[PDB]
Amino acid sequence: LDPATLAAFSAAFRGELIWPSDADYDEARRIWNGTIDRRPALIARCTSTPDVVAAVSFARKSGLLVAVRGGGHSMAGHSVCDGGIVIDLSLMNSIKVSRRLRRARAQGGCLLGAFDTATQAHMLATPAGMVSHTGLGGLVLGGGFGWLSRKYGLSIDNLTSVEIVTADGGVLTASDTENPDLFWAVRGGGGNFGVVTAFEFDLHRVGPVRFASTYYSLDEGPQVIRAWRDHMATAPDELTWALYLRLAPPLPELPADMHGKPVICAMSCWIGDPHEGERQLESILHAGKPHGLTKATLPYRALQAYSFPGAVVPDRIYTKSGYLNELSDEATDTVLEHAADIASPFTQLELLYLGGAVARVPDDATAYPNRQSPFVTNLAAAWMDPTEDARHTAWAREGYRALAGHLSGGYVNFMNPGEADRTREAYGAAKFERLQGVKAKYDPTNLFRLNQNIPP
């Protein structure tokens, strides 16, 4: 490490440096995917945009492999690197909300729960992921979907501008009117094009939400999933209905003879009038007998903080996901045969219906692929014992291969560390090559390669 560069970076960087000798280094480098044990040479905790600029320039000059960390939830483990530098944005957590203009400006290191807390102070909101502590950074740059998406689209579908630090250390504002090629690419292209230090979103009024969660016996699985698939094909935007095949959590609402056994966990909500929501959710809650039924009228920030029942954070995860255009009866059976073999109490086989507002955005308006594929299956193995990695990974892998005949594309934010190759297939040829032209203009060095990578 050349000293003049380091020393001038020390004079510009008004944040915290964590070195491999420091006590807090083992914790600071930990990311949510515990199977990713990497030793960065240097962890930089930025507090403002000039901090990131200094961190970007110093990494460019010094030749260090760049990681960027928002909330650290990368299923591929991109946010920590072996022997490089970590531009850590976790301290840049602030949000300014205009209730009157319905505008939220959030720093690149925000967590979802912080963002939704600030907007819900004015009963405002904009779509994002379902787990409170995942980061706004990586989620939004990949698309971002959740409870508000069928009504209001992806997270990017409400983005209006970004402040971004490009590989050359320059700071650019990208929007629909300013650097619009870059705005297209960051809306689905990940961290490939620079470090976003500020997002601006349009917001929506979201009052109380009538919500429901329940569990169905697996030997009623066929009629439940079929009812689910059949209903969502024509369901109104306001109804979001998700299925999570999993081992029943040992919760008092469920009978003890169901604890630990595979079930279907159905979570449903109605974005709109709670009285219309109660009528709507009752029309979908009885495809089979609902066990452990919880129905509530929750403020939207409570809905955001609910997932997942049991409130356990796993240490180790491996995920295989893809989209479906159709969910045949044979595919439904296949899902059920593999869900019955679930081993860890923290593993889920997620089945989501997007569509709605997501699919009414034209294919080419952003960089997010597969808007016209409604279904998402996410085989999400999650466990604690690091000596058991092979048996839980094998469940995701072998379940994915049995469904390969229905699966196409892939959400970049659900990719596991060994899926660097799925990139061209996930984006498609037209989107991949346009992304490469933005990557050629803004990061021709591929300084930012710790992501679902798009080489220039």
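Start at 1 and count along the sequence shown; that's the residue number.
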Mean Cα B-factor comparison, 69-77 or 250-258, giving the higher one as deposited: 250-258
Between the two ranges 10-18 and 443-451, the one averaging a larger CA B factor in the entry: 10-18
Top residue by Cα temperature factor, when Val140, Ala266, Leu303, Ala287 are compared in the entry: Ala287
Identity of residue with top Cα B-factor, from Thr294, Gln372, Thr119, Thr234: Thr234
Modelled-residue ranking by C-alpha temperature factor, third containing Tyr427: middle
Third assignment of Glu350 from its chain's C-alpha B-factors: middle
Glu326, C-alpha B-factor rank within chain (lowest, middle or highest third): highest
Chain third (lowest, middle, highest) by recorded CA B-factor, residue given as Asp176: highest
Relative C-alpha B-factor of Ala380, binned into the chain's lowest, middle or highest third: middle
